[PDB]
Amino acid sequence: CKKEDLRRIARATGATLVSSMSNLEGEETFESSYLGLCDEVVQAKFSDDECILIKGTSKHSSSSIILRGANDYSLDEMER
Amino acid sequence: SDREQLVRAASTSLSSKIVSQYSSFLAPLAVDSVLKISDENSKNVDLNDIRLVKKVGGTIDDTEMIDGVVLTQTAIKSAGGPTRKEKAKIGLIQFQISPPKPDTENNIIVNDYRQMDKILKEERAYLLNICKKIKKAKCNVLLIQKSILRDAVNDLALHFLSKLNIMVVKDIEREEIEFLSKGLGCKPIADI
Amino acid sequence: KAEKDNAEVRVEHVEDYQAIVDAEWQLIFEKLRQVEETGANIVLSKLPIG
Amino acid sequence: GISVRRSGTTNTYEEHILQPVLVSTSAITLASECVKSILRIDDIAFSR
Amino acid sequence: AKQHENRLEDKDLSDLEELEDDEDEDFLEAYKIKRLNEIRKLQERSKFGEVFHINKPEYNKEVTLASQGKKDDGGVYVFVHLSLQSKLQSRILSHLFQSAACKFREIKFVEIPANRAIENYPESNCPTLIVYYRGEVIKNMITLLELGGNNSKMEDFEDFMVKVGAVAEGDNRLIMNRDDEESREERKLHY
Amino acid sequence: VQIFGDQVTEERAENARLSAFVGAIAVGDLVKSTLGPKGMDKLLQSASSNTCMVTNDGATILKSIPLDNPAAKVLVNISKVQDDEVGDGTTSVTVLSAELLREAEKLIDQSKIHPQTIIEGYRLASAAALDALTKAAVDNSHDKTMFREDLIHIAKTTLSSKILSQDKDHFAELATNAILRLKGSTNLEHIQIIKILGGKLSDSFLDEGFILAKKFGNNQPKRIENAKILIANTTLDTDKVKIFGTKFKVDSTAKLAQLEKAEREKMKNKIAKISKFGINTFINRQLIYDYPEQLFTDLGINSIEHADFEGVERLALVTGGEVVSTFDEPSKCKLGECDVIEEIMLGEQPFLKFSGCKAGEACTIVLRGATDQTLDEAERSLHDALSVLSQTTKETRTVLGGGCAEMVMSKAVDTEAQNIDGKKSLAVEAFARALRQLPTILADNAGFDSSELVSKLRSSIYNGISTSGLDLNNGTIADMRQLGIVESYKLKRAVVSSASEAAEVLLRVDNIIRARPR
Ligand SMILES: Nc1ncnc2c1ncn2[C@@H]1O[C@H](COP(=O)(O)OP(=O)(O)O)[C@@H](O)[C@H]1O
Ligand SMILES: [Mg+2]
Ligand SMILES: [Mg+2]
């Protein structure tokens, strides 16, 4: 995964970005509040493109657009 | 001080540049910049106190005198805890926030598997008690120098400061320490 | 210790650091005193002299 | 003096065209010193 | 033509075992014995491994005699560092010497203060890097503006060692050739 | 036969000679225009990096210009060492050496005299010249007022040819006051030349105390009254401990945090050792790290870092104290005191100005100008003035200038020319005409008639008087004591001795062997 994506996952699903597991105390543990929430997660494959479809974020909504065309260079015009 | 003569003199002296027609608001900006430094002995006023920060974007009409000290560098955003601060206490760090080591190279040995638990706990403890002293002094904004020789920050130190809602920056020039200290009124810090 | 193999000396005390640095002078002078007692007026060697 | 907006001669103090005296002083002073150094040159010799 | 040579040339003793089930034993083990002998030579040549903080009387021996080595022209490269603690580039170059010393044990890494090296040396010219080999100076390098200056990295220093003939181009220890295990893992999956 | 091989130029007794003389003519005609007060400066263009150099000194002209002629290399080296010895008069050596060979070219061709016979005339002629130069001198230094006035006249005579010829009335005070402040110490390292762009040539002012181009720290104040100055050749940097070979073995990082605490406590105790004296400033040779810099804030101590090696002695002599590094015993090492430690700005760079010091054994010449080429000429001009006046302190005897030293020396040479039998007497007269050619050139550069003033000066001095000289402003003979033109005795002694040895080396040549270049 990349850095800029996981901030939007945590922002959408309601989780918080965890760079390391620690707290103000000396002990080391993990709390359930760091975890997000979503309704459904499904991995889909279409023409050698595996994509994990995360839908139904409870805290805040999100969106993505799956553009479809002839080839990658035609989709670059659609992406722009 | 005479706004009738100095403002008109500053506007009619540029006279050739692109901002000559924008001089309706920039000529007072030049007069108000120099009038803050005043002396009866007619000293040679140093222009190091007047820093011109170049940012690519926008238009020249948006140029205006900022009341406080504007910083050129951007934030780190490795943790990204705080977004907007209000009534913050600014501090200037000159040392480096890292696990404990001298400036020179060292050798650490491990003769037993139980020693690693003490090493991993004490390395973050040296970062923890620094954050406690930062919390005791209620310092909300920290400025860390470049420090090419020793690592300025790491993911561990950024995580403890992310909980306390403290922003951090890097890549500060050594010559600009006079401008930040004299401008913001914050003395530097080189020891915990 | 010019062509001799590199002896990795490791010490853990300050008082022994004075003993280990003087041991170099102690060894080389013991070799000179043993030659001095015999009265060798002309010393020769294929390898270099310190 | 000359005013560029009206394209003619007029009183510059009313039209607010002013400058420091040190600017014109340094111009006349440094110009005379540069001509003093140039006129003393006699030969142009190539060197290392 | 290169497809036959890549089976042996582009695989170390650890990577040559991949072709044990595919390629013939006599074709593979004949080259593994060759590569095994080369590994043994590097172990015998590993006479160094930490920065030799020396002093001048000794320079006339450590820096130069070593450069002769066995004198079988067993030459030895000797990287000298005229250190100056007041300069920022000198402390950076000292860190690169200890890092490279742990990896390249056959190459000698030498350090000495610049004030003690040469009578009345210019402080502006420090830090200085000299490379001896068989008694001759191969490179009299100037301050590290050529190697990025203040932003010098370990990758730039290892690249300089290849230019002077101290380390081979296709050496497995160099960071340019030492690809990460995660990098090679992705190549096998996408192959 | 060909023993020397391919690409080897050889010459034999008619190509060997007349190649050095034409080289002596070639090197002499260049520096002919630079001699005298009305001389024109020569501009040197470098072959690489488009570096230009405006300079009047004959040594610097010959330093930069490449000269493959071997005879010209002799004139290149003798101007170098003459600049090393006295600093002034290098052009007179090259002119007098070239004209001695120009005359000897005619004695070999016209009169047909052996070269060794010409040298034997120059040995007796040079001995008679130096004896007249010794007797023509005058004592000094018995009265400090006369010694003050003679240094002012020597500074005026030296700077009359340089770019400071118009403002020499003001620069003479600046040149002579700095030398008397040395208290007899003959050394040029105690004088700094700070380059400042702007102003005019006469804006150079005399500084009280010592000024240098440094800066305070980040948090230090602007003004401190009655500041005690200290100089540390110390390492307030990451000291390390000097038994290089110390490493830190660590079993657990608990004591490593306390080990780093001991490193900060080690340097804290070192800065605490500084505060036992109770100083107000701290000057270090090398860079000061931030952690020492923060410790001088609460203690009320100023900080100056990155001082040059010359700057340590230049500041310590003005302070009066000695350089201290151990800081152990506060009894010895009594420090000085300075009243005004406030910095000033001259141009775009602030400079730390001091005033009201114990001693002024080191000085600093502040210069103002338009172009850096003029400042480089200002540096070389006053360096020749301060070099001559500094050696005048140790060597007290002086001699009248204005061309009278050349003619009064030739008087005894012409007197001793008659009683010498043989063909070498013509060479003795050739030495006299060489001394006469210097004031002949002084009139040519000024644009006046040379034959009349040389004839009037020559006829005047033989009458019995020996104080007359050339006045190029009016173009007539005048009294040198009235105008106040005088030069040092060792300068003209070095010029005549160097010029005599210069002609001697090139006259003992018969063949040239130019090996192949690398
Ligand atoms: N003000 C003056 N009036 C007359 N002659 C002068 C004056 N100043 C210098 N001279 C003459 O110029 C000659 C050479 O001067 P010098 O300072 O040695 O020039 P350079 O340094 O170029 O050799 C001296 O022999 C001196 O007699
Ligand atoms: Mg203008
Ligand atoms: Mg002169």
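Residues numbered from 1 in each chain as written, not as in the entry; some residues may be left out. Chains lettered and ligands numbered in written order. Part of a larger assembly, values for the part shown. Heavy atoms only, no water.

Method of structure determination, per the deposited record: cryo-EM was used for this entry, reaching 3.20 Å resolution.

Before going further, it helps to spend a moment on the arrangement of the chains. The interface with the most contacts, out of eight pairs of chains in contact, is the one formed by chains B and F. There is a gap between chain A and chain C: no contact, and a shortest C-alpha distance of 33 Å. When C-alpha atoms are compared, chain C and chain D, though not in contact, are closest at a spacing of 47 Å. (Contact = heavy atoms within 4.5 Å.)

A few words on a nonpolar patch on the surface. A cluster of nonpolar side chains, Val 9, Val 11, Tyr 17, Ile 20 and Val 21 of chain C together with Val 241 and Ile 243 of chain F, forms an exposed patch at the surface whose accessible area comes to about 580 Å². Looking at the element boundaries, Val 21 of chain C is found in helix α1 (residues 14–38). On the basis of relative accessibility, which here comes to 35%, the residue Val 21 of chain C falls in the partly exposed class. (Patch = residues over 30% accessible without salt bridge, like charges linked within 9 Å, V, L, I, M, F, W, Y side chains within 5 Å. Areas by Shrake-Rupley, 256 points an atom, 1.4 Å probe, with all protein chains shown as cover. Salt bridge = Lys/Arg side-chain N within 4 Å of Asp/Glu carboxyl O. Helix = DSSP H or I, 4+ residues; strand = E, 2+ residues; numbered from the N terminus. Buried < 20%, exposed > 50% of the residue type's maximum accessible area, 1.4 Å probe, protein only.)

Below, the discussion takes up the interface of chain F and chain B. Counting residues at the interface gives 26 residues for chain F and 32 residues for chain B. Taken together, the connections running from chain F to chain B amount to five salt bridges. Residue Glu 260 of chain F pairs with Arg 150 of chain B through a salt bridge whose shortest N-O separation is 3.3 Å. Connecting chain F to chain B are nine residue pairs in polar contact. (Polar contact = N/O pair within 3.5 Å; in protein donor to acceptor, adjacent residues only side chain to side chain.)

Our next topic: the packing of helix α12 (residues 404–415) of chain F against helix α14 (residues 450–462) of chain F. All names here are of chain F. Look at α12 against α14: their axes get within 10 Å of each other, and the N-to-C directions meet at 60 degrees. Taken together, the axes of α12 and α14 lie oblique to each other. The interaxial crossing formed by α12 with α14 has right-handed handedness. Only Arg 458, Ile 461 and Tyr 462 of α14 make contact with α12, whose side of the interface consists of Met 407, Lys 411 and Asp 414. Of the residues in the contact of α12 with α14, the class split is three nonpolar, no polar and three charged. (Axes fitted to C-alpha atoms, helices over the stretch in contact; angles between N-to-C directions. Parallel < 35°, antiparallel > 145°, perpendicular 65-115°, else oblique. Left-handed = near helix turned anticlockwise from the far one by under 90°. Nonpolar A, V, L, I, M, F, W, Y, C, P; charged D, E, K, R; others polar.)

This next bit is on the coordination of the magnesium ion (ligand 3). Residue and element names in this part refer to chain F. Protein coordination at the magnesium ion (ligand 3) comes from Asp 88 (OD) and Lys 162 (NZ), with a distance range of 2.2 to 2.6 Å. Separated by 74 residues along the polypeptide, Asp 88 in the loop between α3 (70–85) and α4 (90–111) and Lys 162 in the loop between α6 (144–158) and α7 (168–180) bring together distant segments of the chain. As far as burial versus exposure is concerned, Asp 88 and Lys 162 are alike and both buried. (Donors = N, O, S within 2.8 Å, 3.2 Å for Na, K, Ca; no water.)

A few words now on the nonpolar core. Grouped together as the largest cluster of nonpolar side chains are 76 residues, with contacts concentrated most on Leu 96, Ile 118, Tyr 122, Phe 171, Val 413, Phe 431 and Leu 507 of chain F. Here this core gets nine residues from one element, more than from any other, and that element is helix α16 (residues 489–507) of chain F. Non-local contacts of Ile 118 of chain F, meaning those with residues more than four positions away in its chain, are made with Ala 104, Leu 107, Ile 108, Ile 113, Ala 427 and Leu 507 of chain F. By size, the runner-up hydrophobic cluster in this structure holds 26 residues, among which are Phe 79, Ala 100, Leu 147 and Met 161 of chain E. (Core = buried A, V, L, I, M, F, W, Y, C linked by side-chain atoms within 4.5 Å.)

Right, let's talk about the pairing of strand β2 (residues 41–46) of chain F for a bit. The buried fraction of β2 of chain F amounts to five of the six residues, a majority that puts the element mostly inside the structure. Here strand β3 (residues 41–47) of chain D runs beside β2 of chain F; their pairing, made up of five bridges, is parallel. Following the sheet pairing, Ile 41 of chain D is matched in β2 of chain F by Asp 41 of chain F. Pairing analysis gives four bridges linking β2 of chain F to strand β3 (residues 52–55) of chain F, with the strands arranged antiparallel. (Pairing = 2+ DSSP bridges.)

As a further point, take the pattern of salt bridges. Residues and elements named next belong to chain E. A complete count under the given rule lists 55 salt bridges over all chains for this structure. Across the pair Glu 23 and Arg 7 runs a salt bridge whose closest N-O atoms are separated by 3.1 Å. Note that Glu 23 is positioned in the loop between α2 (13–16) and α3 (25–45) and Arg 7 in helix α1 (residues 2–9), a separation of 16 residues in sequence. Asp 159 is paired through a salt bridge with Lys 163; the nearest N and O atoms lie 3.9 Å apart. Here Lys 163 and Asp 159 lie together in helix α6 (residues 154–163), a separation of four residues that amounts to about one turn. Judged by its relative accessible area of 67%, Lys 163 falls in the exposed class. The structure contains a network of salt bridges with shared partners spanning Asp 12, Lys 34, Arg 35 and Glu 38.

Another aspect to go through is the interface of chain D and chain F. Contacts between the two partners involve 15 residues from chain D, matched on the other side by 23 residues from chain F. A buried area of about 1,800 Å², summed over both sides, lies between chain D and chain F, and 54% of it is on carbon and sulfur atoms. The largest per-residue losses of area from chain D upon contact with chain F belong to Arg 40, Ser 47 and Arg 48 of chain D, which jointly make up 39% of the total buried on that side. Between chain D and chain F we count one salt bridge in total. (Buried area = accessible area lost by both parts, 1.4 Å probe.)

So, about the site of ligand 1. Residues and elements named next belong to chain F. Around ligand 1, the surrounding shell holds 18 residues, and the nearest of these are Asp 88, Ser 160, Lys 162, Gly 402 and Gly 403. Residue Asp 88 places a side-chain N or O atom 3.0 Å away from an oxygen atom belonging to ligand 1. Protein contact buries 89% of the 570 Å² of open area that ligand 1 shows by itself. Considered class by class, the residues forming the shell around ligand 1 number four nonpolar, 10 polar and four charged. (Near = heavy atom within 4 Å.)

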